[PDB]
RNA sequence: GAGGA
Ligand SMILES: [Mg+2]
Ligand SMILES: [Zn+2]
Ligand SMILES: [Zn+2]
Ligand SMILES: [Zn+2]
């Protein structure tokens, strides 16, 4: 835990410490342009579609949408939008290859101008990990850097055990007395 | 060696290159009131003869253009009176070796 | 990620020439292009798989080379040509004297 | 073209691999087959050395033998050998050596001396129609002189 | 900027530093041929101190009583007293040392005895001592000639350049001058016998090692000292966090320093902020 | 990979620069561009034999690039050319044009000041073609007449004649005698009659840079790859900025030809001429001072060529002196006191991605077979088999994944494994020390973890810093690393000839306390401490 | 674009764009190696077209019409833009 | 012209770290390419390890060439080079 | 004397903060600044308009104009410097890349 | 036309062949790829003389690929066409607009416009030959061929022969 | 925009 930060109690994390929710919204709409070029929402197939995203179209329904509450991941398509060639090629919207989560709420509406258009929100829980960054209220940026189970942490006679150990070398150089005083 | 105390009629300056092969050099008297070469910062410069120059150029396998240079107008160049092309050897006290010798060609 | 120029210098000060070259070519954008031995430009019309090369403009068909360069370099040269400067590339020390 | 207009690779100064100037060397159908087989002799000579530790038939029957000696895929070399035998008309190398000594006496550029040996004609005019190089460099009478001397040596083997 | 300027200055196999066009920048890298990683401060023990102290430390006299060394430390200590074939040698090398004293005192004007140098003698000394657990009661098995000639031959063997012509030879001589001064200071006969008291065999080990390490410490041709120097100058400049000038304490010297002054230097600027002119 | 070629493979050793003969340009081009219609032959979004590949570079994943056809991805793109109605300046050189014209007869074209003048006699002898030209122009900047004949009086072909005081406006040169705008074509001819010698005697070169080449008459058209067409929507493809600029130059040139053969209202001609000149100018440089900027239908000016190269992410500094490379990764770092000084804890998932190509020898063939058995997921596995002739095989799609048998000389792209050297830097990098080599230790938990003493060289702290890691791809690359750039080699820095690493905060603080005189250690703890030393001989 | 090894006339291939390759999903051979990502007035007879465009645009503004309607009308005008069956018609009738 | 006689080689008898590095690199590269090996491996498998061994007993017969600034050169071969390092 | 003073100045600057840099580095820098016989700055219009390689000079500053002067003077750049070899992506004659074993 | 020539070749030797007997494979490849090959610069390289004394001086290891690069100088004999030259020959196959005369190692074609008018083409004949007022010129016929054009393409030389002139057609 | 450091 030296050279800043620090050790965080693993068990205490399990209790729920510093957990958080993450919501991300994907937007998409029908064709912007093209009198006949008219992008449509639906579940594509091999109907000379020739631009399958190689992800996984199985999730969504016929309207090219995933019902909220479905778990997604990887690059599963969430919006099935296809474009005429004027057979029709795929212009879907997979979610970010890195992340995964639950479709939280899917909103369908028409644009200002009358274009049907869709917003999707994905929910995800983020638990503190080895590298995530934390900070006191003064200046001490810091990231985790190992987690110990409860017993391994030092414990005082009353049985209390810290959930965060920061190295003393932080203090004198910076002179954040207020940190100590607040504690 | 011409020592003038105030200045030269630049017309007279025109007559400096009058008479090859010999050469004439001018010095304002003021510039001679103190010998620069005695200064701490000026290392011993030694003009070296032509055969020496060939020897050098050969040992290091140089062409003339690859030497470090020195302006013909440079004060110690004048003090020695070099000619465009003479190579001077510079001996300086070096804190890493004590003695270090370097050469500059008189551009 | 970017192998910035200051990285280039560090890798030089180590003297690791081979690694530097590897980074700058095989890691990113090695490109092979043919070259007129006369005109010194990239104009060779390498009808490859027929071994027909024919830098016309010099009308050469025999004295021709292939080299390997960063694609971005080839691009740079084409841009120089488009700006009317010719960067002739000669594969031997021009010592005719 | 055929008027003594040859490229850099075929200038007079044919620098040998020892790095010095030398005269351009060309070969007609008076030395080609008689040097190729000779070189093949050396080839087979080493071929069996390091292994230890009319003219028509003499052409092809030994062509197959050196095809064994060589890599054998050079059957186009065999085509050249055939072309030689069909149109190379000297033997007993001293024959052509006297010929070449005479042509050295001719003061002719080696291209022209090869032109003479390669071609088998009758008059100076036939040569001038085939060799615009050889029209006036010597007296046309001397052309016919040496053409007739060749015809004296022009014996099929 | 610095990097760009010195981008391509390499040490070539003649141990001379040239840019890309081959122009010579220094005739030997850093005027010594020595690689930077193999330096360390060492002290020259002749330059400093009183004259009498110096003499007492180094003087040895086989004929007079005063600086005569006690025979005990030397196996042959008895009969040596009064000899000449060796007394001459002692005189010679002592003259050598005094010449060095004068020389250094004119090189380093103040008398700064410590200077980064190649091979650390002192460590080699003590390594020898331990490696032979030199008991400080037995007379030494050495003699004088072995000592002095050993050091001389050693000096012969500290090659930096390997030419065969007096230009190169003078270059070598100069390149290794200062280090040899150190050497002679440190291995002076009196000092060896008195303090270091090595055996003969220890002594030879020492010599071998010194030569070996010296040769080990010479810059390697092909080394990109240009970029090296560029960085080694720039990086500390970045480490000047308090950069501009701290002469609030003395306005008598509100004289530029740090990054502004450096930047002023590099672009040679005719208008210094504070052109000063000290006079003695 | 790229096909075989029989051409010799070489390495450039000299770059000869120089300007472009319009004759050469024509000799080079493979098509004359005529219509700024880009590709749609009014329909059918194939492409016109007009601009944009009248066979000068395949764009749509079909070979057919003018009988070379090369596929894409192999064609260098072959140039094309455009003929200018009226010659124009070349923005870059305008100042040099003015400087030159101030030094030559406006009719005879001979140098104004020449030669027996002694200052001239000096300037001729001086080298530094730049400085020589500087001296000459310094001289003839004042000359005004064409100096019929010379003093002892001597005679030279001076067609004595007063020559104006040139001066620059916009993209034009004005010149007063004792007034008129100096046209292009005049100056063109003037140059054409300079000499074969004197322009050299003022800097130029005979074979590569004759001054008249400083004004363009024919124009080269960089092939598509220099200006590729982004298809940022899927029915239409936004054309490259330069292509618009080219359309504009072509439009104006067409117009000028029209205005010439179809009757010449004598001074709309200039109105179009200056237009064309301006177009070319801003095309090669959109940042001419004291000018409009050629905007493009959006307010954003046009990205001229010159700005494609201007420093700091031009071509040079951004794509050549440094680029973005494969086989690398980047993450947050985290200290760790159980890592050997030179180790680095690359997290497992990364190592599942970076690869290193081994070569199948008898020494490893079994082991490599095991790896390729493992496929690309379970960690100590591989991702690609490169049979000879360079035909990679992805393992994710070989149903016979374990089946194939490696042939000596094939390559396997194994995952990273332990002790493979990798490089490690933390930008900004002001040090050879900032990049060093390390042995890999593969661990869970996505950060990079690394020993603690190594922080000072990298000048990093684990307050969220990140560092990149580079994987050498070949034998001598990694040999180079482990023999030159490995950490322990760097302990002593040449910068100050003192070690650049050392013991740091927690350990540094403790080791003092431990080593105080008051400290004493009971038995059991002593035993444990001993056992912690890996090299402890086993003696108490 | 075909697999030399597997050789099925309709080639079942996959594009591993993340690796930037194209693969014979049958045999696993890679086909193409570097995948170029792409994801981010009188001389032209469009003089009358642009006059129509400008008038159409100002009319669309006045009507508050959607950009899609504006584009559809512009496209329809471009589709006719000239005809004997048009034959003039005041250039405002066609706009409307 | 252009080489140099074997005597009057004035460069250093030792081997520079860059030489050692490139040598090992090259030799390892070759070994990986099933080049012959001139020493008895003792289960050595890592080509760099092997090359280090070969070099250790001076069995690497290798080609590149030194270079004075002018353009001349000397040729040493790993036998004659003292591998102090 | 100019060179010696220059070194003194630089050294003063650097040792001012108290940090120390080995001698040879400062010496080398100073010497580069004084080969041409005069104090050549390290700015673009200083060293960078020496006569070194065109490309090498073009990568520092004023890229395109450098290229223009070069293409006019028909300048010959010989790809011996580092930066050129970088641009060509060839092994620079550096460190690992400059030397000898031959067979 | 035949010439004795001294040629230089650069041969790449893959590392596996680095035995004590490298020169074996070296000379081997030299013969395997030089004798009987076509160059746009020297013509078909017929045979190599002095198989023993070949300058094989010194290898270079390419910085990667570890394969040694050898610069072999060797002396051999080549056959080179030239424009306007007069040769013998024999046809191989027929063409509707001329016939291809095999001039030894190479085949020289003579085109329809390249022949005298009286030399007409008979397609019915087997093999379809070319019939003059005095000569019926067939596959095995001996034609005095004059070399009009030559293609200098690397690895492939093509020659244009014509019998329109005198002393041509049958030899 | 963002922006960490
Ligand atoms: Mg930080
Ligand atoms: Zn060309
Ligand atoms: Zn005039
Ligand atoms: Zn397949």
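Protein chains in written order, with the deposited numbering: chain C, 834 to 919, 933 to 1029; chain H, 109 to 215; chain L, 1128 to 1224; chain Y, 24 to 76, 118 to 221; chain B, 840 to 1119; chain U, 3 to 154, 161 to 186, 199 to 560; chain X, 22 to 61, 118 to 173; chain S, 71 to 155; chain R, 1343 to 1445; chain G, 1 to 171. From the three backbone atoms N, C-alpha and C, an ideal C-beta is built for every residue, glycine too.
In chain order, 982 place their CB closer than 7 Å to the CB of residue 915 (chain B), counting only its own chain and leaving out the 5 sequence neighbours on each side. Take the alpha-carbon of residue 1016 (chain C) and the one of residue 1005 (chain C): they are about 26 Å apart. Relative to residue 135 (chain H), the option among H:125, H:119, H:111 whose CA is nearest is H:111.
Contact annotation: residue 36 (chain X) and residue 868 (chain C) have beta-carbon atoms that are not nearer than 7 Å. Interface criterion met: the Cβ of residue 847 (chain B) is under 7 Å from a Cβ in chain R. Assignment of alpha helix (DSSP H) within the region 53–128 of chain U, counting only whole runs of 4 or more residues, yields 96–103, 120–127 in chain order.
Distance check between residue 943 (chain C) and each of C:980, C:979, C:889 places C:889 closest, using alpha-carbon atoms only.
For a Cβ distance threshold of 8 Å, residue set 1135, 1147, 1151 of chain L lies close to residue 1428 (chain R), ordered along the chain. Secondary structure at residue 215 (chain H): coil, using DSSP grouped into helix, strand and coil. Ranked by Cα distance from residue 387 (chain U), the options U:229, U:433, U:356 are led by U:433. The continuous stretches of alpha helix (DSSP H) do not include residue 994 (chain C), which lies in the beta strand (DSSP E) extending over residues 992–994.
Listed in chain order, the non-local C-beta contacts of residue 1351 (chain R) below 6 Å within the same chain number zero, local neighbours out to five positions each way being set aside. Neighbours of residue 154 (chain S) in chain H, taken as residues at a C-beta separation under 9 Å, are lacking, since the least C-beta distance is about 23 Å. Taking a cut-off of 8 Å on C-beta distances, the region 114–131 of chain S does not touch the region 514–524 of chain U, as fewer than three cross pairs fall below it. Around the beta-carbon of residue 185 (chain U), fewer than 16 other beta-carbon atoms lie within 10 Å, marking it exposed. Near chain R, meaning a CB-to-CB distance below 7 Å, the residues of the region 71–101 of chain S are 88, 89, 91, 92, 93. For residue 233 (chain U), the secondary structure class from DSSP, reduced to helix, strand or coil, is helix.
Taking a Cβ-Cβ cut-off of 7 Å, residue 1162 (chain L) has no neighbours in chain R, whose nearest Cβ is about 12 Å from it.
Residue-level contact check: residue 126 (chain S) does not touch chain G, since none of the beta carbons of chain G fall below 7 Å from its beta carbon.
Taking 7 Å as the cut-off, the beta carbon of residue 48 (chain G) is found no closer than this to the beta carbon of residue 1178 (chain L). Within the DSSP bridge table, the entry for residue 402 (chain U) names U:434 as partners.
Burial check for residue 1015 (chain B): the Cβ neighbour count within 10 Å reaches 16 or more, so the residue is buried. Secondary-structure assignment with DSSP links residue 45 (chain X) through a beta bridge to X:34.
For residue 1382 (chain R), there are no neighbours in chain S by C-beta distance under 9 Å, as the nearest C-beta there is about 22 Å away. In terms of CA proximity to residue 98 (chain G), G:161 leads the group G:44, G:161, G:18, G:133. Contact annotation: residue 167 (chain U) and residue 109 (chain U) have beta-carbon atoms nearer than 7 Å. For residue 9 (chain U), the closest of G:171, G:125, G:149, G:40 by C-alpha to C-alpha distance is G:40. The nearest non-hydrogen atom of ligand 1 is 6 Å or more from the C-beta of residue 411 (chain U).
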